[PDB]
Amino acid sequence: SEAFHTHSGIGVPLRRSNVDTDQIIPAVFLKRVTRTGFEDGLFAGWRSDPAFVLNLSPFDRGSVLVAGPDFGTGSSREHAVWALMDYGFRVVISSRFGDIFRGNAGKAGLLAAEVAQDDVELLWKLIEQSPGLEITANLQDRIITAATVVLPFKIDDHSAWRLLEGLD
């Protein structure tokens, strides 16, 4: 495991709300018993469209996902976090997460940063009109930076501990 203190990377604007575990990683990918790379399962159904955001340069090298509300809503699988992480995402931003997802994220090294929806809208606009704009998430200070916009995020303190300490 690696310890999470700050992460900067290309932001990916995903205007999808209420994203369920089987959209994050379809069921057909979770018969694998191994632990090697789940990156090819990440959004695999949606990736069939060449215009899906994650297929477009430079978003295909993104590591900060800016999603709509209710990301990972409902029941979800550990593999959803593994798929995100294996693809290279270290941060997911949403104004509300599913709780099971949110807990799994912190336990696996993924920052699930809760940001007010008005601020999610600003982040989408910035990265949409400047593809490749980096987003920074600073866990010590619990802020997201994009250009000259700086905004707070929330995380529970237990998750923060696990992430900062790099716990398995």
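A residue's number is simply how far along the shown sequence it sits, counting from 1.
In this entry, 76 to 84 has the higher mean Cα B-factor, the comparison being between 76 to 84 and 92 to 100. Judged by mean Cα B factor in the deposited record, 32 to 40 ranks above the other of 129 to 137 and 32 to 40. The residue among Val64, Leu111, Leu122, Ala67 whose C-alpha carries the highest B-factor in the deposited model is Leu122.
Among the modelled residues of the chain, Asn18 sits in the lowest third by CA temperature factor in this PDB entry. When the CA B factors of the chain's modelled residues are split into thirds, the value for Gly11 lands in the lowest one.
The entry lists a Cα temperature factor for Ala27 that places it in the highest third of the chain's modelled residues.
Ranked by Cα temperature factor within the chain, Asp60 sits in the lowest third according to the deposited record.
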